[PDB]
Number of protein chains: 2
Amino acid sequence: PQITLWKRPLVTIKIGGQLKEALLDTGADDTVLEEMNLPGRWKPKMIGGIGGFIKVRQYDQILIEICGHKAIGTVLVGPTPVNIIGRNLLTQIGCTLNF
Amino acid sequence: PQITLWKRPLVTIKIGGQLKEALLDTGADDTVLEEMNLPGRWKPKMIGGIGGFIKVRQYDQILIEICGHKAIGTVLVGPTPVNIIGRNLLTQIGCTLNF
Ligand SMILES: CCOP(=O)(COc1ccc(C[C@H](NC(=O)O[C@H]2CO[C@H]3OCC[C@H]32)[C@H](O)CN(C[C@@H](C)CC)S(=O)(=O)c2ccc(N)cc2)cc1)OCC
């Protein structure tokens with residue numbers, strides 16, 4: 001599909017058997033999701049943006065379905081105000097910017 | 001052009017007669033540029049990111065050329081880690097997400 005940017009590019013995703021709304025964010029290097037109890041190992045990480053940094057938990061090789069397109073890679077989890085799909089997974093679903 | 005996301009979608013912009021590098025950021029509602037001098041009046045505002053809120057200077061109806069495409073809109077200036085082009089201008093250059 002094609003998504004215009006009049007509104008926030010929010011889509012439905014499926015992770016860990018749960019459905020959620022997430023922002024397709026070309027400005028986010030990596031995917032960061034709202035707090036969730038994922039199983040498996042993880043590593044502490046800090047990511048920065050406007051306002052400073054937040055501490056997150058980095059889970060590796062996590063499968064997420066974005067609009068029926070499957071994608072597997074790093075997923076960060078922490079106190080983010082929004083579910084954010086970053087470039088690490090946007091590339092796997094063939095998402096481009098066009099103008 | 002069509003822009004892949006294997007690297008950061010950075011482009012050259014021209015604002016106030018000066019060239020800069022800026023990130024096409026579909027997750028940003030507004031355009032936020034690093035500290036710089038711009039002519040005209042401005043109002044102090046605040047924007048929130050992943051790490052909290054920052055203080056910015058809001059410049060309205062600012063001419064800004066993004067990768068050869070002209071836009072005239074709101075430009076925030078403040079301590080952002082990176083020049084980001086938000087949806088308020090991405091819409092003006094006809095930018096869409098496609099997968
Ligand atoms: C909503 C209630 O909370 P809130 O309003 C903020 O909500 C938010 C917070 C963040 C976003 C996404 C970010 N957008 C953003 O900064 O946009 C600003 C300016 O325009 C406004 O549009 C909405 C926010 C304002 C951006 O796309 C991505 N970022 C990196 C960029 C900055 C490159 C350095 S990253 O997130 O830091 C990030 C960094 C590394 C990794 N691996 C993953 C993510 C969208 C909405 O404030 C109180 C918390």
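Each chain gets a letter, A, B and so on, in the order its sequence line appears, and its residues count up from 1. Side-chain atoms are counted along with the backbone in the values below, which use heavy atoms only and exclude waters and symmetry mates.
Without hydrogens or angle criteria, B:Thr26 side chain to A:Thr26 main chain gives a donor-acceptor distance under 3.5 Å. Between the A:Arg8 side chain and the B:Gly27 main chain, no donor and acceptor come within less than 3.5 Å of each other.
Residues A:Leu63 and A:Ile15 fall into different hydrophobic clusters, defined by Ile, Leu, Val, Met, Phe, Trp and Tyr side chains chained together at heavy-atom separations under 4.5 Å.
For A:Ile54, the part lying under 4.5 angstrom from a heavy atom of chain B is the side chain only.
Between chain B and the options A:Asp25, A:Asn98, A:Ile84, heavy-atom pairs under 4.5 Å are most frequent for A:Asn98. Listed options B:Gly49, B:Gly48, B:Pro1 were ranked by heavy-atom pairs under 4.5 angstrom with chain A; first place goes to B:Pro1.
Listed by chain and residue number, B:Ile72 satisfy the side-chain contact (heavy atoms from CB on, under 4.5 Å) test with B:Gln61 (two or more places apart in sequence, or in another chain).
Atom NZ of A:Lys14 has 12 or fewer heavy atoms from other residues, nucleotides or ligands within 6.0 Å.
Put simply, CD1 on A:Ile3 and OG1 on B:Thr96 are 9.0 Å apart, with the number rounded to the nearest 0.5 Å. In this structure, CD in A:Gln92 is found 12.0 Å from CG in B:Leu5, a value given to the nearest 0.5 Å.
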Please report, to 0.1 Å, the donor-acceptor pairs under 3.5 Å made by any side chain of residues 74-83 of chain B, with sequence neighbours excluded.
| residue | atom | partner | partner atom | Å |
| --- | --- | --- | --- | --- |
| B:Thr80 | OG1 | B:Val82 | N | 3.4 |
| B:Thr80 | OG1 | B:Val82 | O | 2.8 |
| B:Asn83 | OD1 | B:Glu34 | N | 2.7 |
| B:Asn83 | ND2 | B:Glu21 | O | 2.9 |
| B:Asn83 | ND2 | B:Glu34 | OE2 | 3.4 |

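The shortest distance between side-chain heavy atoms of A:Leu97 and B:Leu90 does not fall below 4.5 Å.
B:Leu24 and A:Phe99 get closest at one heavy-atom pair: CD1-CE2, 3.8 Å.
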